[PDB]
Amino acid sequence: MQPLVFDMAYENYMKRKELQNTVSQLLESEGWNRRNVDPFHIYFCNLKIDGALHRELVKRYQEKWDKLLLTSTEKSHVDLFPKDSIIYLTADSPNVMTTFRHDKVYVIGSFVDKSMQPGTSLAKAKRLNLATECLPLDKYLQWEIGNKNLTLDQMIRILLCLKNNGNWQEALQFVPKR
């Protein structure tokens, strides 16, 4: 089964409100995955034991934390999968995605910043020499803009649709317009 990584290396950038939002978005994402008959194997990487995120899950969502269908680890995506197979997703990337690939491990940053902290994830990728891509939002949604920095549950639904052989118009229905 194809892995999909949520990178938990952003905790230091967030306040109590935004960390909470991140946790809400991750729970929602795992739920969309459980609905699908051809799901991803979800990995929570860089999840520091007894950090703010792990503590938030354990103190405030213990019942829900014990039943998620995923693998969580302190290790990095680069410690587990070969660098050649990694693609870090970020709206700041200069490479526009054209093709969903079944032999790649996509990485999504676990970060709610309200577009106030650009480049953050692009740099975390460059520093380890990882390939990056952005979603083709301009190409397939001229005007209707909104902000191009989507939520974590939006990203998984798009990628699920493409994984299950949907075209770009179908996949991008999950993007709120205006």
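Each residue number is its position in the shown sequence, starting from 1.
A.B. asks: Would you mind comparing 58-66 and 137-145 for me and telling me which has the higher average C-alpha temperature factor in the entry?
C.D. replies: Mean B over CA atoms: larger for 137-145.
A.B. asks: Which is higher on average in the deposited entry, the C-alpha temperature factors of 45-53 or of 149-157?
C.D. replies: Result: 45-53.
A.B. asks: Which of these, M1, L4, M8, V175, has its C-alpha atom at the highest B-factor, as the entry lists it?
C.D. replies: Reading the PDB entry, the winner on C-alpha B-factor is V175.
A.B. asks: Which has the highest CA B-factor per the PDB entry: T90, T99, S76, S72?
C.D. replies: Highest CA B-factor of the listed options: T99.
A.B. asks: Sorting the chain's modelled residues by C-alpha B-factor, tell me whether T22 ends up in the lowest, middle or highest third.
C.D. replies: Lowest third, going by the recorded CA B-factors of the chain.
A.B. asks: Taking the entry's C-alpha B-factors for this chain, is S110 in the lowest, middle or highest third?
C.D. replies: Answer is lowest: the recorded C-alpha B-factor places it there.
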